[PDB]
Each structure stands twice: as structure tokens, then as C-alpha cells.
Amino acid sequence: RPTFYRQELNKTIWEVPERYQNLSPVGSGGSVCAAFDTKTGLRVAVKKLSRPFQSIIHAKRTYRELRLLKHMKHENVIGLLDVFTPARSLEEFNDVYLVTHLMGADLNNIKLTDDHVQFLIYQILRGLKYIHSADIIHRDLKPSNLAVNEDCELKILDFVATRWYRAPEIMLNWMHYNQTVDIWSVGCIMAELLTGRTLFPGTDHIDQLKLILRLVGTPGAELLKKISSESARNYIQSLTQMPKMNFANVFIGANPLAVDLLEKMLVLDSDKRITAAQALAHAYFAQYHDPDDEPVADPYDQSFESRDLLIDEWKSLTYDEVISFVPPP
Ligand SMILES: O=C(NCc1ccccc1C(F)(F)F)c1cc(-c2ccncc2)nn(-c2ccc(F)cc2)c1=O
Ligand SMILES: Fc1ccc(-c2c[nH]nc2-c2ccnc(F)c2)cc1
């Protein structure tokens with residue numbers, strides 16, 4: 001065990017190892033401080049989880065979160081530098097702190113040149129290929145979930161309405177949506193980077209879908225055959241039929257290859273959207289694409305998601321993950 005020190009930071013105590021110095025509050029959801037990591041010489045972000053073990057739900061969320069962050073090992077996905085607790089045993093274990101690279105800013109704080117959009121969208125797809133290869137769905141892709149440093153290097157995390165980037169099938173509350181909902185979000189972000197405007201700034205879920213169908217058109221026959229819900233079908237079929245808009249007209253002035261890729265990402269029927277791996281080979285990324293440097297992820301065991309355990313059990317599991325953590329090289 002290293003040596004800890006305690007300080008108060010905005011009605012919130014912090015007990016961190018001496019390796020982390022000069023803590024400076026940085027914003028809240030858990031609470032986060034900037035620090036300097038004396039072991040590496042790097043600026044780090046330290047998140048203290050709040051009430052990680054208050055309820056079975058929080059406890060399982062805490063475990064979720066730590067297992068996920070321990071597994072993500074890719075240049076365009078947030079990685080875990082360190083995890084620690086000031087607790088000396090399972091008995092006294094109550095607090096969890098996560099350490100990551102301090103990221104410059106988000107995508108939210110930044111119309112962009114076509115080459116900038118190429119590189120940023122490339123990095124998102126490259127990270128998402130990786131995430132999707134472990135059978136994870138991000139589900140919350142939006143500019144504020146993308147950290148971008150001054151070199152335009154990009155990492156996906158999960159800390160402007162979320163709903164504006166959500167796939168129309170989620171708006172429709174389809175129970176079996178899949179990983180292509182993330183590709184939808186990337187299409188919405190890409191559009192926003194090209195035009196400087198939110199593509200679908202819906203005020204709620206009804207308005208969200210309405211704006212979506214305005215661009216992409218009402219469901220064709222092939223898609224309507226896949227809808228099980230009678231109510232959803234009455235809704236859909238009762239709408240004034242709209243054709244898919246011409247994306248060339250709508251995005252006139254934008255690189256035709258960016259237009260082509262948007263067409264491939266924002267297809268209404270999710271079975272027809274381009275995957276992340278396919279999008280990487282798209283001609284729009286010829287500057288960047290390297291098929292031998294787009295790794296997939298180690299197998300990821302998410303079987304714990306189906307399990308119903310006591311709070312102390314999820315707490316014990318989390319402690320095990322804390323203790324087993326091996327820092328990155
Ligand atoms: O907290 C989170 N990030 C920020 C973070 C972390 C550590 C150290 C300092 C910070 C600071 F300082 F940047 F916030 C985070 C949490 C959860 C999560 C997951 C499941 N349940 C609950 C929460 N997931 N992702 C995530 C990662 C990759 C991905 F593809 C999708 C999401 C996160 O980045
Ligand atoms: F108005 C609509 C109708 C269908 C969608 C949709 C897009 N991709 N997949 C679906 C879908 C598939 C199976 N069942 C559902 F309920 C939805 C989105 C909005």
C-alpha cells in the first residue's frame with residue numbers, strides 16, 4: 001500500500017496516494033479533480049465515484065463501470081491508468097477512485113475543414129470497431145463524449161441533448177436494437193461537424209423521430225415487415241409518407257465522399273447501415289485507413305449482467321477488480 005493523504009474539496013473529502021498531487025476540482029456528474037501524477041509526469045483526471053455501493057443497482061453499476069474501463073485498451077477509447085481505494089481490507093472498503101489521462105477538451109467545444117472531419121470521424125470509427133468487436137454497444141455517443149487533445153487525437157468515453165444523436169429505432173422503443181445505433185450517432189456527429197448545426201435537434205422523442213423521418217423518409221415496405229408492435233405500426237403507417245431526401249442536395253458543398261458515407265450511416269433501416277469496420281474502408285478515409293492498424297478487442301465477459309446478487313457480493317467483486325488491477329506499460 002502506498003501512502004495516502006486526505007484533503008477536503010468542495011464539501012467532498014479525497015484520500016489519494018501521494019503519487020497524485022495538486023488536486024483541482026474540474027466538474028461534476030462522481031466528482032472529478034485534475035492532478036499531476038508524479039510517477040509518470042502526466043496530468044491525470046481522478047474520478048471519485050459517489051455512493052458506489054448505496055444500492056444493489058449502484059453496486060452493480062460500479063462493477064459494470066470498473067470491468068468496462070479495465071478492459072478498454074485502445075488508442076481511441078478512454079483507458080484506465082490506475083484505480084485505488086484508501087481501504088486496507090474488504091471490510092473497510094467504501095470508496096473507489098478511477099484515474100485516466102486528463103483530456104484537453106471535448107468535441108462539443110469545436111464548422112471544421114474536411115480534413116479535420118476525416119481524421120476525427122476516422123478515429124471514432126476506429127475506436128467503435130474495437131468497442132463493437134467486444135460486443136459492447138456504446139449507446140451514448142455525442143460530442144461531449146468525445147475527448148480531443150490539441151493534436152486532434154480523439155478518445156471515446158462516457159462522462160446538448162443525448163437524444164439528438166439517438167437512433168430512430170430507440171425513439172420508437174424497439175427492444176432489439178443493436179450496435180448500429182452507434183453508427184447512427186456517428187452519422188449525426190459527422191453531419192454536425194460538416195455543417196456546424198445539430199442535424200436532428202428534437203425537443204422530445206416524438207419531435208426527434210419526426211425530424212429524423214423528414215430527412216431519411218418514412219419506413220419502406222422492407223422495414224415495415226420487421227416491426228412487431230401493432231401500436232408502432234399504426235403510428236408509422238398513419239404518417240404522411242415522405243421520400244428519403246436527396247443527401248447531395250441537403251449537404252451541397254460538402255465533399256461528395258462525405259455525402260456518400262453519411263448516406264451509408266443514416267440509412268433508416270438499421271440492418272442496412274454500414275458497420276464501423278466497413279466504414280473504415282470507405283474512400284473518404286483513404287488518407288488514414290490502415291487495415292493492419294485497426295485492432296479488435298479481447299473477448300469481454302458480460303455474463304455478470306444477467307446476475308442478481310446482493311450488494312455485498314457486487315461490492316466484493318468490485319474489490320477483487322481493484323486488487324487485481326495491473327497498470328498499463
Ligand atoms: O466515468 C467514465 N469516464 C470518465 C472517467 C473515467 C475514469 C477516470 C476519469 C474519468 C473522467 F475524469 F474523465 F471523468 C466512464 C464511465 C462508464 C460507465 C460504464 C457503465 N456504467 C457506468 C459508467 N463508461 N465509460 C465508457 C468508456 C468507454 C466506452 F466505450 C463507453 C463508456 C466511461 O468513460
Ligand atoms: F418509425 C420507425 C420505424 C422503424 C425504425 C427502425 C429503424 N431500424 N430498425 C427499425 C425497427 C426494426 C424493428 N422493429 C422496430 F420497432 C423498429 C425506426 C423508426
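Just the heavy atoms: all of them, side chains too, but no hydrogens, waters or symmetry mates, feed the values below. Position 1 is the first residue of the sequence, and the numbers go up from there. In listed order, ligands and their atoms are each counted from 1.
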At a 4.0 angstrom heavy-atom cut-off, ligand 2 is contacted by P168, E169, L172, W174, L209, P219, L223, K226, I227, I236, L268, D269, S270
Output for pair (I124 CD1, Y122 OH), nearest 0.5 Å, gives 12.5 Å
Contacts for ligand 1, heavy atom under 4.0 Å, by chain and number, are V32, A45, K47, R61, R64, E65, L68, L69, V77, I78, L98, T100, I131, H138, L157, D158, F159
Can you give me every donor-acceptor pair (side chain of residues 191-200, partner residue at least two apart or in another chain, under 3.5 Å) with its distance?
residue: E192; atom: OE1; partner: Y165; partner atom: OH; Å: 2.5
residue: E192; atom: OE2; partner: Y165; partner atom: OH; Å: 3.4
residue: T195; atom: OG1; partner: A191; partner atom: O; Å: 3.0
residue: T195; atom: OG1; partner: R197; partner atom: N; Å: 3.2
residue: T195; atom: OG1; partner: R197; partner atom: O; Å: 3.3

Could you please spell out the steps behind the ring pair (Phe, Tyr, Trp, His ring centres under 6.0 Å) verdict for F36 and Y20? CA-CA 6 Å; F36 173 73; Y20 306 106; 9.8 Å; no
query = Relative to each other, are the rings of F84 and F4 parallel, tilted or perpendicular (30° and 60° limits)?
reply = perpendicular
Residues 30-55 vs salt bridge (charged side-chain N to carboxylate O under 4.0 Å, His left out), sequence neighbours excluded, gives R19-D37, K47-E65
Open item on the list: Looking at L239, I want to see if its CG is surrounded by more than 12 non-hydrogen atoms of other residues, nucleotides or ligands under 6.0 Å.
Closed with: yes
Counting neighbours of NZ on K73 that are heavy atoms of other residues, nucleotides or ligands and sit closer than 6.0 Å, is the number greater than 12? no
Quiz prompt | Pair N10-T12, side-chain donor/acceptor within less than 3.5 Å | solution = no
Checklist entry - So do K60 and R307 actually touch side chain to side chain, heavy atoms under 4.5 Å? => result no
